[PDB]
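The chain below stands alone and is given as structure tokens, in the form deposited in one PDB entry.
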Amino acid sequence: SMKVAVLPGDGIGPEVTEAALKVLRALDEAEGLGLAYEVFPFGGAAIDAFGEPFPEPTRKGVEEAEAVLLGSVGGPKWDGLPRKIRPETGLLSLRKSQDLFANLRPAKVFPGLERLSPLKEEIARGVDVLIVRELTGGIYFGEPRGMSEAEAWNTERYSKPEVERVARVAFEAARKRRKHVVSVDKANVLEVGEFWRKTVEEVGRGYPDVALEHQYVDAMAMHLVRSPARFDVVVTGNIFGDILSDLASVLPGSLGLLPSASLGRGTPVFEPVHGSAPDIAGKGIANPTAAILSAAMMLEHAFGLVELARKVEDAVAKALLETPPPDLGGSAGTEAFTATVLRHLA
């Protein structure tokens, strides 16, 4: 079996999700995967239908599935909503309800595609970095939090077990990759950074076969641009991971390329890093690469189909070289780009 909860969301979310659905359907037919999917409302669409971005039928659908394929959420239609029901809060609520504390974001420059990077070729070449981002803690969820007319406040905080568990995922991922972890904090300025580093260092003792290095977040942003090829796994807290993963997104040359996996205690979630791009929704141009590669991450991580995930990745890489979408200077529409991916899969 292969039970998938599909949450298309808003803007280009449904378009890119349908592209990823075509890739999955074509694999189901060829490999006999027994895929069964069901579509649920989430985000702006759920707010308009149920009054909340992560409504009951959707929460039930997620908990009962083996994996979630997620689109994108948000748009100006919902600007000004009380924070508790913003599309963005529904997203945090999804991550939190399944306690998906480990967010995996791979930034990779495919061999031959250095041209597309905004960086000079020799710097972009061989880039293959995995950002492990702590997703259900830190300032995103910390209390106290609030605002009055005179001030506003949010609390960046971590407990020992929260740091331990995300650190352990980073070490396990590194062990399967190039056995190198860079942990990122602001320990020269903050107590939380200090605490972060101390705990990651302790977890590191359990993995003496993996090299551990620490970097300050400001210096890390800089390294991700000057020498990204020297990184294997990067582990950091919620907001630092949010920032650095968008920054890494530029290495391949575009934001519509980065897929992601959210793993923890409950139903794993797979979503393209990009937002809902309201400006281009329904215009048949959104690059579906991120969504497709997220479906690839789902195959590997949720279903253990490593070989299949790589076929998709290989097909996408050829499609990018052959007929790139407009965001990479090409003229291939969402539909045509997906068809290209399909031919290579054959």
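Counting begins at 1, following the sequence as shown.
Not pictured, yet referred to below: the form deposited in another entry.
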Task: Selected hinge residue, 121, 83, 305, 108 [rigid parts, motion between the shown form and the other one] - done: 108
- [ ] Compare the CA separation of residue 306 and residue 208 in the other form with the one in the displayed structure, and answer closer or farther (the difference is at least 3 Å).
- [x] closer
Task: Inter-Cα distance between residue 147 and residue 87 in the other form, nearer or further [3 Å or more] - done: farther
